[PDB]
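There is one chain below, alone, in structure tokens, taken in the form deposited in one PDB entry.
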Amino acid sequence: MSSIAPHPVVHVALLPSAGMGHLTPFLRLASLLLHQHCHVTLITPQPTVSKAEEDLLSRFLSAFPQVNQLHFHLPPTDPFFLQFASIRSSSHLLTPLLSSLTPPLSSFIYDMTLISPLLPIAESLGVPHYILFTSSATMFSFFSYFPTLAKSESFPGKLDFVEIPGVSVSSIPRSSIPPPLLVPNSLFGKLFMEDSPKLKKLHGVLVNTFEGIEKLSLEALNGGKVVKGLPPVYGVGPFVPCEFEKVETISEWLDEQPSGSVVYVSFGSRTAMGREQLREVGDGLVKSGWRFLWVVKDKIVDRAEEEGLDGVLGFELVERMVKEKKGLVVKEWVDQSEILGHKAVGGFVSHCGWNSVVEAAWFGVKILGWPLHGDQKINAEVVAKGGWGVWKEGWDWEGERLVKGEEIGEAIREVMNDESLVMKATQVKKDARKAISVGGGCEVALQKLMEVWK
């Protein structure tokens, strides 16, 4: 009535660390913020470990030319862990690029693996600053609680159960603890010890989760039950898959299969089974009798792939799969969300990386959990507690045992024959939509955050 002005711009800077499991939720968060009319600066540590990260970033930036990319050129062990440490070690060199941002920065959201080097930088900027935690809220509870465990003089040798008050997995046995945390000199063990005590300095923690799958962990974190004085935890999931991620023979094959008849199999973007274990997967898929879409990795890093899929699988397995005409096997980057959203896919053999879990939740696809490393056993039990997936506790971390094709096929048939899992997965899918609708946890949290930043 008394002013005609360019309405103020909320400017968010984002900093993702290594791996598709970190880039993907940051770019989906970016898309959400852009839809709330934020200006977004994206800091891109270069070069990326994997080609998939490289190509996704390119597709994102061409989909959103309004995004301001800040190049973060890194100086020249698990290759993604090595990148985590390099980004961390070079982070103190981001201050001049963040200080010079225009329009004025409103908030700063950085990767949970970068807390210690970035915290003083964020405090220098004088804006609300946050981590985006890319794993489950239950895993975040474990992360927050870790200094309480590691203070013990019998850590890590004497620790049989981790029972965090009020969370979605009330008892985490030692066999589900991320294995590096039980080795007394690992990168993540040191990161946990240096970073978790500094959580209280953040303005908040964003998590790609929602009440439909982690109601208890969300309530425990925000009620002071996990660690007193933790910053507010915002359930801003489910992160809905976005158009820019798409890159047509797979979808054409899925178009030919009966509804719900295909078992999708993938163990993420950075994990490769051993050769013998990999071939047992194929044996189990054939033995299951179900149609399957099996995504194979022979190397951790896609750039390192060097053997043809026929040689990886071997003559005998290839021969059985081509003869029965029930499965499709690919050693390439697929559009996992396009696949999970296809009516033909009725189940998901997943390593239970958190992004894959929440995608399965979004599409209501029941899970056969096969956790392999890291946070995956905790995530598998978050799913199983909700009754929309199952996992076999005795299969153990990848490389500890050889899971045979007979028991893989039995587990696949068990999950695909279980209609109670579909019922619960469909209610999760219903709640996934509630979370992003007006009044849902994600809509409420984003409006809170936007109002603080304004």
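Numbering starts at 1 and follows the sequence shown. Rigid core here is just the name for the largest C-alpha set that superposes within 1.5 Å across the two forms.
- Compared against other deposited entries of this protein, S91 counts as consistently modelled, with coordinates in all of those that resolve the residues around it and thus below the third mark.
- Figure legend: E307 is marked as unmodelled in at least a third of the other comparable entries of the protein.
- Counting the unmodelled positions of the deposited sequence between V247 and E248 gives a gap of 4 to 9 residues.
- According to the entry, the deposited sequence places 4 to 9 unmodelled residues between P76 and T77.
- As the entry records it, the average C-alpha temperature factor is higher for 63-71, out of 63-71 and 26-34.
- When 324-332 is weighed against 266-274, 324-332 comes out higher, by mean CA B-factor as recorded in the entry.
- In this entry, the residue among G282, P241, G212, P184 with the greatest C-alpha B factor is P184.
- Among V233, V162, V365, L94, the highest C-alpha B-factor recorded in the PDB entry belongs to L94.
- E305: CA B factor lies in the middle third for its chain, per the PDB record.
- Ranked against the other modelled residues of its chain, the C-alpha B-factor of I436 as given in the entry falls in the middle third.
- Among the modelled residues of its chain, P104 has a C-alpha B-factor that falls in the highest third according to the deposited record.
- Ranked by C-alpha B-factor against the other modelled residues of its chain, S420 falls in the highest third.
- Looking at the C-alpha B-factors along this chain, the one for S171 belongs to the lowest third.
Keep in mind that the form deposited in another entry is missing from the display, and what follows is about it.
- With the core fitted between this form and the one not shown, just one of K158, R275, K201, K343 shows a Cα displacement of at least 2 Å, namely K158.
- The Cα position of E316 differs by 2 Å or more between this form and the one not shown after fitting on the rigid core.
- With a cut-off of 2 Å and the rigid core superposed, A85 has a Cα displacement that reaches or exceeds the cut-off between this form and the one not shown.
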